[PDB]
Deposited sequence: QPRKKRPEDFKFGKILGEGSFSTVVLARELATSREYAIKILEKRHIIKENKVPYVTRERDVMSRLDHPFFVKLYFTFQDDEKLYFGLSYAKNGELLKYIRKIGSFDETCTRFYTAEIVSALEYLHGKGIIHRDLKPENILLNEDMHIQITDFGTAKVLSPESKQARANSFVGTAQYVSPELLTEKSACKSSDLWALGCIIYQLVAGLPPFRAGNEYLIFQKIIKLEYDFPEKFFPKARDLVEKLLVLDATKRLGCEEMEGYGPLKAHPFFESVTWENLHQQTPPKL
């Protein structure tokens, strides 16, 4: 292994994001001229907030990921005060940014980007990992406009936490429990959001949002692509064992065979050129 890196190896630049117990800063490695997104965490603060398990899980999950649709962990190091995670830099920022920029996606772009997420979730779920906080804020875009999923501090490794209100699955509200199917619920909310321009469940506060979620209280705009609508109806299902893509429904095959995805070639999405937004 190369010698441990250290802060003085980098020219630090702008802050890219100010996460839960961390700050992500753009950094250029002097020796190589490579750009990394370095996640910086203060040890004392992590210890004080009882987040050692949190940070340990984050690093352990990220070390296991080796797929182009996920953030990559290249290196770690620490000094007296801080932990540093050297992560891939997603040049084009958040999916959410593009949703707001152009309002909503046409069918071709919805299909292409939904497929990348599904394909990413298939990989993740095959390793026994649940994300638990999947959302357009955490789905980044690379320079090449392919997705790069991030934010694994709150992930669960199969064999205690509630995500972002608008994407929380009903089972989390009624049991405290999460499963792979919880990510598929999030996927349904995201597809709806790509097409409609807004998340399905919206209200004045978390309480009222949680209320709508458990009553499955939402509806589709008039223009909603019919096959995407059918797909979302098969994902936004209160019973977690009946969502398209979960094990009880025989996995990712039937999800990927959905009519909405008819024209998708699943084997080499990362080699395809994304539709212009």
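Counting from residue 1 of the deposited sequence, where are the gaps with no C-alpha coordinates? Hole in the chain trace, numbered from 1: 160-168.
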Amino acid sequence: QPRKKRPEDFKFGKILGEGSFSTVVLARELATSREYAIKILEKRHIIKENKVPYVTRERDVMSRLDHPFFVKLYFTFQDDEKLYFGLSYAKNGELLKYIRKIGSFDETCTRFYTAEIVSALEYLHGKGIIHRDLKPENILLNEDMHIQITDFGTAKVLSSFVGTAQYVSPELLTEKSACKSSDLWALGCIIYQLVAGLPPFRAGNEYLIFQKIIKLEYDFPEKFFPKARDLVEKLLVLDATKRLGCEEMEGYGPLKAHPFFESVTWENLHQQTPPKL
From here on, numbers count along this sequence of modelled residues.
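Pick between 133-141 and 150-158: the one whose mean CA B-factor in the entry is higher. Stretch with the higher mean C-alpha B-factor: 150-158.
Give the stretch, out of 217-225 and 59-67, with the larger mean C-alpha temperature factor in the deposited entry. Looking at the record's C-alpha B-factors, the answer is 217-225.
Identify, among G93, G126, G103, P170, the residue whose C-alpha carries the highest B-factor in the deposited PDB entry. Reading the PDB entry, the winner on C-alpha B-factor is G103.
Going by the entry, which of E116, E206, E107, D183 has the most elevated CA B factor? Spelled out: the listed residue with the top C-alpha B-factor is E206.
Can you tell me which third, lowest, middle or highest, the CA B-factor of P200 falls into for its chain? Ranked within chain, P200 CA B lands in the middle tercile.
State the tercile, meaning the lowest, middle or highest third, of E29 with respect to the CA B-factors recorded for its chain. Lowest third, going by the recorded CA B-factors of the chain.
Comparing against every modelled residue in the chain, figure out the third that the C-alpha B-factor of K97 lands in (lowest, middle or highest). Its C-alpha B-factor, which the entry lists for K97, ranks in the highest third among residues of this chain.
Record-listed C-alpha B factor of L194: chain third: Middle third - that is where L194 ends up once the chain's C-alpha B-factors are sorted.
Using the temperature factors of the C-alpha atoms in this entry, rank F260 within its chain: lowest, middle or highest third. It belongs to the lowest third of the chain when residues are ordered by C-alpha B-factor.
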